[PDB]
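What the coordinates show
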Amino acid sequence: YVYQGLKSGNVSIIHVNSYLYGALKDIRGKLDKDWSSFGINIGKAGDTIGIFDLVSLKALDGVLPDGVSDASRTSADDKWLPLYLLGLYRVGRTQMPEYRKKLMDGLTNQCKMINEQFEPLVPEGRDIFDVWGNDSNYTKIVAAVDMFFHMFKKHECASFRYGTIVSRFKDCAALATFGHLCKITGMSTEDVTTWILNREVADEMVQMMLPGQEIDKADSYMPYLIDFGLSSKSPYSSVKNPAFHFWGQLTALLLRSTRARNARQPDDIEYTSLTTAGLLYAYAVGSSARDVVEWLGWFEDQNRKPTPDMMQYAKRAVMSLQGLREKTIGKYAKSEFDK
Amino acid sequence: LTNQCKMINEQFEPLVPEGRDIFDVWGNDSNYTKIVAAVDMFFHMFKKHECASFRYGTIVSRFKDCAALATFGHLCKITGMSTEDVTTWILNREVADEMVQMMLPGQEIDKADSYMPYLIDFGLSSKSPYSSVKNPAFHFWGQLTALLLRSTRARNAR
Amino acid sequence: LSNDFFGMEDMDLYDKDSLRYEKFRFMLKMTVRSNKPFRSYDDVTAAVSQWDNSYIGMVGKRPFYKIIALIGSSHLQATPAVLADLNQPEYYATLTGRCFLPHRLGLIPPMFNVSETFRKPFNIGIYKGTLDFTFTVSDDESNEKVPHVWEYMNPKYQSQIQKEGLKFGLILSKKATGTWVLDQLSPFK
Amino acid sequence: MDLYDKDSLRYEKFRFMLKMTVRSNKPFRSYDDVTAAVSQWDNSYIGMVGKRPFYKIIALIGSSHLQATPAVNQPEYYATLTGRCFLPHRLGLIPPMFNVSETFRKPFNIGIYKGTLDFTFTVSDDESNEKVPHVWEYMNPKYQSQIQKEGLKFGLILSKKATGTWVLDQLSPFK
Amino acid sequence: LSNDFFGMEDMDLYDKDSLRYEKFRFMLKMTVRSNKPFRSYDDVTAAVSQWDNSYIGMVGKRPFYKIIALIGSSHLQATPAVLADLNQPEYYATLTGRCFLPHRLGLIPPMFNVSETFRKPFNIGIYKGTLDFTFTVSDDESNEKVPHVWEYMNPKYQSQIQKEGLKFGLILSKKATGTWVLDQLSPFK
Amino acid sequence: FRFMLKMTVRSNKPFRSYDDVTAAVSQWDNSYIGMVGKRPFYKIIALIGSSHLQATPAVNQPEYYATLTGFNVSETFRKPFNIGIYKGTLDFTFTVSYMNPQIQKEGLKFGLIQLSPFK
Amino acid sequence: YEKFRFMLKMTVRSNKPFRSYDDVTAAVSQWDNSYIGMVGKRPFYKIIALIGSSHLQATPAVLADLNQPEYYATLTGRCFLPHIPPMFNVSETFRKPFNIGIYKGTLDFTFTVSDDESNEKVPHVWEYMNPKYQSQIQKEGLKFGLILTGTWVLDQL
Amino acid sequence: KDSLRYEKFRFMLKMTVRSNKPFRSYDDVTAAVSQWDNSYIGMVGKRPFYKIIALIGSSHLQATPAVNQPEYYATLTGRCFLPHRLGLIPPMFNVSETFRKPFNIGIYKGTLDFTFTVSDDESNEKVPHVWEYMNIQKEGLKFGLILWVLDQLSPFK
Amino acid sequence: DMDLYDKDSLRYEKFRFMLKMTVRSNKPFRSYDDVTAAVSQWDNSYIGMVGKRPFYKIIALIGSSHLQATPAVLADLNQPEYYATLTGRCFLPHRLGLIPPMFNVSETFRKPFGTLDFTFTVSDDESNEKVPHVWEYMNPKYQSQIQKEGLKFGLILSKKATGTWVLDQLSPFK
């Protein structure tokens, strides 16, 4: 069903989900440590576990489409077909021709490493896999696969992580940029949180740092809070936390980080105060190899106006950024901090 | 709409003729508005439903005839100032009256999964208190203020 | 089966072979070529039944495609090329309409108005040639009555249908009323 | 198989009506050609399925009573019959029957003969308790090999129970 | 029906077939092309009865459209082209007026003064060709008494309207007074 | 004790022999909710009802039927049966407050002997 | 009479499909070879395992040659067991491999045995097993380790 | 393990042979029909019974009254039992299976047509014998049968 | 011995096959035995997959069975070059235990005995459709005593008394 649907480009989501369940019942993979998360006993230190062992399984209530099954296909499916089906989710999540083309090339290279023939299945035009992300069960399956192969990194079928890696920390750009800020400065995470200002970044931090969320556990359900359906609106997204995302991205950009030049500028948020706070933090880090109230008093000695030296530092940190893409933090800084 | 429809059936020959539209009258009918607003509510509660594509077209019913709250939220989210203290900054004594008439407690205007956003499509209120014609002063003041802070949204409100 | 292993109780909606009627409007195109003209319709059934040697087409229509192939073989009128010595005899047939087929194959998944062609060479020994099919089997949620599908075969051909339909792989049984019901296809086909 | 008369003999009484109409290029020579022309009357049967065997037996009575019109342009045949009878059949339970008339027409090409047909079937059930004449008494056959042969090709099945009443076993079309 | 499942009690407005009279004016245009002239009016009914094989038209006027087709077939006068050998025989018939049809089809939706054309080829075997139609069936609230609809057929043709009127799918009956009441269309149609 | 009974059995097709009938009816108490003390009495009353099953004259699906009258709380029972070929539902009437037999086997298969349900 | 509601999920995998009910009991009775869950509800866990084995419906993969036959059974209800520490609505999984010779594989359980103070009438627990299976009730009960008016009463393990 | 089994079966038959020229001797007919199962699609359990049915059909081959190309014909419907040393065999069902394989034995070439309905019958009444339907050991031998009681099957041997 | 398959647990393995055949000789082969002798030495040095060795042997046997001669095989035209080609699906009853999975990989074999030329495509099949018996692909026209004919290819057969031969084992460690 799924093979001929992909070949004809008219596959049904129910059929691909059912086949993905059927071909991913690899109970193999032996745990070594307890994998409890959110008060759920997934496994106990030495029991074999499958991909779908960590998600409850029910029976879908609906009509099954016909299907275009080909009976001349051998049992060479699990080697490369589930990997392709999971990769066509990340490929379809791009919505831009160049990135989609690059991801398709990478997926074809990954698949050809296994079977070595791999005639491409989906037709070049009329991409139908964009809709797959809309469905909930497909996202649940892909996130379960990603987490299972993230715990078992050295598995034989660990190549399935391609395409499903996009599910990890999905719509969690605020936490990602918080970690990027904590790493690119070397400053402690307990100390950086005091430096945030503008009283909107403070509220976004408060809503991000609820104690009972265990956001500092890698082998947990947190990174897939929206693919598993745990939360329909992720509090760690870049749209629900635009002020902190903008401030952190700008601060990292002013500290000469290659990452903070492609994140897009959040829409309809006050920028002047956020830019001032980001410039203050960036100058403090780049000129003082860090206390927050000391720098606040130093700035108040200027009655809250950036000094020309700080503008020169920002100019140095933003000059010579070739190929800045539009609507991103790099473009905004080059337009405003490079007068 | 045509692109959305071809994503599902993939033939979708257009139905309504190009000229002589007849679907403008559909908004006048109360039952059609009730159905479309109920659909919008149901698919807003269940975002990840398999038929969530129906949100197109029915999204217009969400917060319909409620531009005053739209511009109030835009103002409170463009300045970073808290909604608790922005209201201290409104002036002229008719913007204050409009704020009073918008902020009656038992209206559930801060609840997303409530009947408030469709107060005029379900027929809950024939005259929406939260509109831009019943609250023109607040709309004008807040909209201009958002414009003065270089916001792209604040360039097309009449 | 249940006599061999443990715990294979049947379903509750359809017990084993719950008989059901499925109305559906169909369409058909036929084209059969051969080195020599087919002396009998029986050889026609032999030559056409090898159309699904390698099956790529639809699944909810496979028994329906078999019955439509049977009706196409029944109405294979000749062509002027089938005369004494002109070329390879190319047969042709086209049938279109609506019908309901009684079958005991269980509930069939909903079908859609899609047409797929079929091409496959055959070799029944003496005769050779290729094939060319075009099916348009899909449901019909209307209420108007439709002619019974087995009636579409004229009594002039198929002196005994119980095996002419079996040549294509079908398993037939008699409802003792005059309407044939489809039991199943060729074993696990 | 059922304990309570799964596929046993049944007696169904019914009041029916008939109006035959047959046209052809040239007049029929033998009764067999008439049978071949009439037997293709239900190539596309649209009417009620439950009345198909009764429709076939009324076609039998119509073909057996085909008298040419005094006009015999193209030779057109004609027949009609209305009566009351009961049919012994072994087809199991039958759905209830209503007083509705249904037309029929299917052109025939049996080679030598070509034309169309026209039927008039109003075969309906009734619950009157009075005794009614046998359905097969409407025939005028040779009991040896006449009603058993023409009826068989009309797709009907006949047999003997030693009582002396013709019984209906099966309906076998295009077979 | 009620013998099958639970709770299908009929409504109290019309019990089962509450007879009602529906006064309505109408208009009709017809054009029947054929390869050979129609020898008998029965062949005409056969060729016109399939005018709605694929039906797109009105539902509240579908029985009315059928009766108008019947009246048009009744008055299908020939043309000078129908003579010995000029061209294909082209027939024509048009009727206009007002009438009331007693029927037991339940309450009809309010009809509007809108015209719909119909085109469909027919294949009754020997005879080929197509049709043409233009109905203008609509309500008439005026108290003006109208002739009985079945009267519009001349007694010259239709020796048995019980079947000539049934050829188009109608089911007729007699009101024990000489007026024909329309029972219903062909079952499930 | 005096009691009252109203049998009601339904199946897709009418039963072949008494063995099919008893196999179908023996699954009436898969989830027994009534009084536990009356369970043997309930079994014997169900047995006497199964002995006197006479189908309705209309014998839609075949509807088996029977009646017999010979704390004072009436409790109903209904459990579907799936013995393979024969499948349907049940309906009892027990108000525990006659054979024509053969009996030692059919009654034992009801769970009678002590009582041995689902043996 | 210890009234209690329950829930159950089961999954049995074998190299070859099971011969009969006795082989199923042999492949399942080793589920508590190393017991880690709540010790108080052990007899109730055994009876729930018995009902799960009695209701082990097969899957399409159990056919001739598709994959390893993966049996499945789920049961949810409410009953009383004639035969305990106050149990609570807590779920625990069990994973243990079985080695009964001709058959190999593992298991999977989800027990939810807990109290029920509601007075609503409860069906008898031993009635949950259909009469079709378990020709000898006592033998199958003994296979799981269980020891057994017409209502069976649990003696001990 | 390998003893005689008096097995009851009711079947159906109609033989159909077409060739370029009429068959002279019965041996040529046997050579033409012995290749009827060059590609066996039907159930293997009914193969010996199918060859028995082929024997009964070939023994009663009568040409049609028309004899264009010579077309032979037969038809047999009956009830009987076959004694065989074939061991246990799966029970049969009431299914019909057709066959066709063209033959080229030199002078004679053509096609075939079968309709076999070998089905079990559990009636306790005594039914006739399969070998009484004949009018033989060598005919079985060149059909691959070994011999009346059947011993074993020897195709292409 | 183990408990899954003790010694000779009989199993059926459905599999598709394809075959190309080409045999050359100084003189045309008269009888079938000469052809089998000239073909049986194809695996003198074996390089291909070991799990398909019995199936390769049976396909070589069936190709030997259907060696239809070419027009060059006539009285005196050129070196007689034989040819055969058999495709389809079949299942082989054998008692060789569980066999490793097979993939769609063509495998040529070019060994002299004249020379030979093979192309096997023995691969697995997971379809449920019924396939003809593999020993039944050999027509009764040749192989008067097919036990010896199929045994001198390295195989050892045994009649099941039903008419379907079962493969016991190959030649010792072949």
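Placed above this text is the structure.
Scope of this entry: the structure provided in the associated data block. (Residues numbered from 1 in each chain as written, not as in the entry; some residues may be left out. Chains lettered and ligands numbered in written order. Part of a larger assembly, values for the part shown. Heavy atoms only, no water. Residues with missing side-chain atoms left out of burial classes, pairs and counts.)

Some details on the overall build of chain F
Let me state the cut-off plainly: Helix numbering and strand numbering both begin at the N terminus, where a helix is a DSSP run of H or I of at least 4 residues and a strand a DSSP run of E of at least 2. To get the radius of gyration, use the C-alpha atoms; to get the globule rule, take the number of residues to the power 0.38 and multiply by 2.2 Å.
A count of helical and extended segments in chain F gives three helices and four strands. In chain F, the succession of α and β elements from N to C terminus is β-α-α-β-β-β-α. Here chain F has a C-alpha radius of gyration of 14 Å; the compact-globule value for 119 residues is 14 Å, and the two agree. Across its three principal directions, the C-alpha atoms of chain F cover 40 × 30 × 30 Å.

Let's talk about the interface of chain C and chain D
Rules: Working rule for contacts: check all heavy atoms of both residues, and any pair within 4.5 Å makes them a contact. For this classification, the nonpolar set comprises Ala, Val, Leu, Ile, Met, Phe, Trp, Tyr, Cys and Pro, the charged set comprises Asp, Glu, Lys and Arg, and every other residue, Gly included, is treated as polar.
Contacts between the two partners involve 22 residues from chain C and, on the opposite side, 20 residues from chain D. When the residues that make up the side of chain C that touches chain D are grouped by side-chain class, the tally is ten nonpolar, eight polar and four charged.

What about the packing of helix α2 (residues 13-23) of chain A against helix α5 (residues 136-151) of chain A?
Residue and element names in this part refer to chain A. Cut-off, in case you're wondering: Axis angles are defined between N-to-C directions and span 0 to 180 degrees, where every axis is a line fitted to C-alpha atoms and, for a helix, only to the segment in contact. In this scheme, roughly parallel covers angles under 35 degrees and roughly antiparallel covers those over 145, while 65 to 115 is roughly perpendicular and the rest are oblique. Left-handed describes a crossing whose near helix is turned anticlockwise from the far helix by less than a right angle; the clockwise case is right-handed.
Contact geometry for α2 and α5: axes closest at 10 Å, N-to-C directions at 25 degrees. The pairing of α2 with α5 is recorded here as roughly parallel in orientation. In this structure, α2 meets α5 at a crossing whose hand is left-handed. Side by side, α2 and α5 meet where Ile 13, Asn 17 and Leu 20 of the first sit next to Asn 137, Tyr 138 and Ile 141 of the second.

Quick word on the sheet that holds strand β7 (residues 116-120) of chain I
All names here are of chain I. Convention followed: Paired strands, in this sense, are two strands between which DSSP finds at least two bridges.
With antiparallel pairing, five strands are arranged side by side in an open sheet as β3-β4-β2-β7-β6. Here the strands that pair on one side only, and so sit at the sheet edges, are β3 (68-69) and β6 (107-109). Where β3 and strand β4 (residues 82-85) come together, two bridges link them in antiparallel fashion. Following the sheet pairing, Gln 68 is matched in β4 by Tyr 83. Against the sheet, helix α2 (residues 53-65) makes contact with β2 (20-23), β4, β6 and β7, and its axis sits at roughly 120 degrees relative to β7, the strand it touches most.

Focus: the pattern of salt bridges
The test is simple: Throughout this description, the term salt bridge denotes a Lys or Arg side-chain nitrogen within 4 Å of a carboxyl oxygen of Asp or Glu. Residue burial is assigned from relative accessible area. The probe radius is 1.4 Å, only protein chains are included, and a residue is buried under 20% of its type maximum, exposed over 50%, and partly exposed in between.
Applying the stated criterion across every chain yields a total of 65 salt bridges over all chains. In this structure, D:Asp42 engages D:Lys56 in a salt bridge whose closest nitrogen and oxygen atoms are separated by 3.3 Å. In this pair, D:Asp42 sits in the loop between α1 (31-38) and α2 (52-64) while D:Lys56 sits in helix α2, placing the two residues 14 residues apart along the sequence. This pair shows no difference in class: D:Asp42 is buried, exactly as D:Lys56 is. Measuring nitrogen to oxygen at the nearest pair gives 2.8 Å for the salt bridge that ties E:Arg98 to E:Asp140. In this pair, E:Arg98 sits in strand β2 (residues 90-103) while E:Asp140 sits in the loop between β5 (138-139) and α3 (161-164), placing the two residues 42 residues apart along the sequence. Classification of E:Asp140 by relative accessible area gives buried; the value is 14%.

Considerations on helix α1 (residues 41-48) of chain C
Most of α1(C) is tucked away: eight of the eight residues are buried. Restricting attention to buried positions, one finds in α1(C) the residues C:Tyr41, C:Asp42, C:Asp43, C:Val44, C:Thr45, C:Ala46, C:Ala47 and C:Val48. In this fold, the buried residues of α1(C) make contact with β1 (20-33), α2 (62-74), β4 (133-135) and α3 (161-167) of chain C together with β2 (16-18) of chain H.

Looking at the packing of aromatic side chains
Condition: Two aromatic rings, drawn from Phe, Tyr or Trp (for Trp, its six-membered ring), form a pair once their centres lie within 6.5 Å of each other, and the interplanar angle then sorts them: stacked below 30 degrees, edge-to-face above 60, tilted otherwise. Ring-over charges, as used throughout, are those where CZ of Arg or NZ of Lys falls within 6 Å of the ring centre and within 35 degrees of the ring normal.
As enumerated under the stated definition, the model contains 154 aromatic pairs over all chains in all. What links up through ring pairs into an aromatic cluster is the set C:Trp51, C:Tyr55, C:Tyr65, C:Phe118, C:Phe133 and C:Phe135. Here A:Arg73 stacks its cationic end above the ring of A:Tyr3, 5.3 Å away from the centre of that ring. A cation over an aromatic ring shows up here: A:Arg90 above the ring of A:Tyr162, its NZ or CZ 5.1 Å from the ring centre.

Digging into the environment of A:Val91
Residues and elements named next belong to chain A. Mapped onto the secondary structure, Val 91 falls in helix α3 (residues 81-92). For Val 91, a relative accessible area of 1% translates into the label buried. Distance from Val 91 to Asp 105, taken between C-alpha atoms, is 10.0 Å for residues 14 residues apart in sequence. The residues contacting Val 91, other than those within four sequence positions of it, are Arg 100, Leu 103, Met 104, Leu 107 and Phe 129.

Observations concerning a negative patch on the surface
Residue and element names in this part refer to chain A. Note the following rule: The residues that make up patches have over 30% relative accessible area and no salt bridge, and they are joined within 9 Å when like-charged or within 5 Å when they are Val, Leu, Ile, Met, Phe, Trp or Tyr. Surface accessibility follows the Shrake-Rupley procedure with a 1.4 Å probe radius. Residue values consider only the protein chains on display as shielding. In this charge count, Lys and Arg are treated as positive and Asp and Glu as negative; neither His nor the chain ends contribute. A charge is said to be at NZ when it belongs to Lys, at CZ for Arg, at CG for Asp and at CD for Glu.
Judged by side-chain charge, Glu 190, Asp 191, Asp 291 and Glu 294 come together as a negatively charged surface patch. Assignment of secondary structure puts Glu 190 in helix α8 (residues 189-195). Under the relative-accessibility criterion, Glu 190 is labelled exposed at 61%.

Quick look at the arrangement of the chains
Of all 15 pairs of chains that touch, the greatest number of contacts is found between chains C and D. There is a clear gap between chain B and chain D: no contact, and 33 Å between their nearest C-alpha atoms.

Thoughts on the interface of chain I and chain H
Counting residues at the interface gives 21 residues for chain I, matched by 18 residues for chain H. Partitioning the side of chain I that touches chain H into residue classes produces nine nonpolar, eight polar and four charged.

Considerations on a nonpolar patch on the surface
Residues and elements named next belong to chain B. The grouping of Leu 15, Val 16, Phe 23, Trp 26 and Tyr 32 at the surface amounts to a nonpolar patch, some 550 Å² of accessible area in total. Looking at the element boundaries, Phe 23 is found in the loop between α1 (2-6) and α2 (30-45). Owing to a relative accessible area of 41%, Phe 23 belongs among the partly exposed residues under this scheme.

Interpretation note: all reported values are geometric properties and have no functional meaning in isolation.
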